[PDB]
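The chain that follows stands alone, in the form deposited without its partner chain, written as structure tokens.
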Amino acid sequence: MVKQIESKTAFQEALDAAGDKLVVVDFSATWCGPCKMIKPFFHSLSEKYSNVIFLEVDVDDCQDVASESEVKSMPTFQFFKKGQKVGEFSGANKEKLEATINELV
């Protein structure tokens, strides 16, 4: 389903552990309306796409991770393959989320 990532070390470990699998990271804030709107879906997609690793980073708790990641809006989705960022977009756009998961593997 979804793993909460709570430090830069945990982030790097998850990217390393993923091997060749696509990783999708939701940079989110609990208070933010579009994040509330997408949250159950990000979850649903994670069950439809069971070979994809789904991560969440709370930007208010993990401010250093959010800074490093160059986040400026929420939700922001970043996509990784073998440690490399291969896609990114923001907004609670379910169609784009699911399609991007398919485009990147």
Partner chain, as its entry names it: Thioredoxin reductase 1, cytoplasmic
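Residue numbers count along the first chain shown, from 1.
Undergrad: Tell me which stretch, 62-70 or 26-34, has the higher mean Cα B-factor listed in the entry.
TA: Stretch with the higher mean C-alpha B-factor: 62-70.
Undergrad: State which stretch shows the higher mean Cα B factor in the entry: 72-80 or 46-54.
TA: Per the PDB record, 46-54.
Quick note: we don't show the form deposited with its partner chain bound, though the next part is all about it.
Undergrad: Does the 4.5 Å heavy atom contact test between residue 70 and its partner chain in the deposited bound form come out positive?
TA: Looking in the deposited bound form, residue contacts with its partner chain include residue 70, since a heavy atom lies within 4.5 Å.
Undergrad: How about residue 45: is it within 4.5 Å of its partner chain in the deposited bound form, going by heavy atoms?
TA: Answer no; every heavy atom of residue 45 is more than 4.5 Å from its partner chain in the deposited bound form.
Undergrad: At the 4.5 Å heavy atom threshold, is residue 74 in contact with its partner chain in the deposited bound form?
TA: Heavy-atom contact with its partner chain at 4.5 Å: present for residue 74.
Undergrad: Against its partner chain in the deposited bound form, would residue 51 count as a contact residue? Criterion: heavy atoms within 4.5 Å.
TA: No - in the deposited bound form, heavy atoms of residue 51 and its partner chain never come within 4.5 Å of each other.
Undergrad: Using a 4.5 Å heavy atom cutoff, which residues in 38-63 contact its partner chain in the deposited bound form? It's fine if the answer is none.
TA: Sequence-ordered list: 59, 60, 63.
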